[PDB]
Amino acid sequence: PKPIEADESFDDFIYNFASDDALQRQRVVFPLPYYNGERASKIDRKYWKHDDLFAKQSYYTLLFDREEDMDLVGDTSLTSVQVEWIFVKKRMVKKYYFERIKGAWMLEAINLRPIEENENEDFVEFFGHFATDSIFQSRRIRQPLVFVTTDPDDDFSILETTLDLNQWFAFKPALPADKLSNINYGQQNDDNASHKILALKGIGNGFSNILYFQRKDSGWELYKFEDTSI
């Protein structure tokens, strides 16, 4: 595999891997190890179907447990990154394993695993209900909701304010009901973590929203909302 200009970073490569059919066929290891849990399978070159991943969407999602782990998105030293589909209602995670082989990003394996669960409310299952039921959503928002945005008088200036429930309904971004994406840049993904940070990032535009959730005894709740759009 000859390294291209897209390989300089995972984020550049992944958009081209998903949007360019000819490039995708060169960057998939064949026979491709496919794991259906503990059941090992292999997908041969002839039966590969073009995977668009999240490239045709208006936005994609990223998940973190801690704010400082968002620093990892810009790490260009990464030689292994995974792309994930989290099937919210199916309790399944589909994961694509990418590796930079001699500066050239390759798909090495795909696996399917169940979402990990514990004694506390599961973030994934809570999120599915939060994203689709407005009444449940209204009961799972801290009041007032912390809102961080741009000062309308100066864009180089931060504005910290609050939103009431009616203002949240007017400002809230579109929320995925069926699937979440995630890119593993090495950020902690612990199912016992009491915080969950969902970044919503625009594809081919400056859209950027960050939703901070905290797990209370009563369950998960949205407590901080950032609009870092450019």
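From 1 onward, residues are counted along the sequence shown.
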query	finding
Residue stretch of maximal mean CA temperature factor, 198 to 206 vs 44 to 52	44 to 52
Of 160 to 168 and 59 to 67, the one with larger mean CA B-factor	160 to 168
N184, C-alpha B-factor rank within chain (lowest, middle or highest third)	lowest
CA B-factor ranking of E108, expressed as a third of its chain	highest
Relative C-alpha B-factor of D21, binned into the chain's lowest, middle or highest third	highest
CA B-factor placement of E221, once the chain's modelled residues are sorted into thirds	lowest
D75 CA temperature factor, ranked by third within the chain	middle
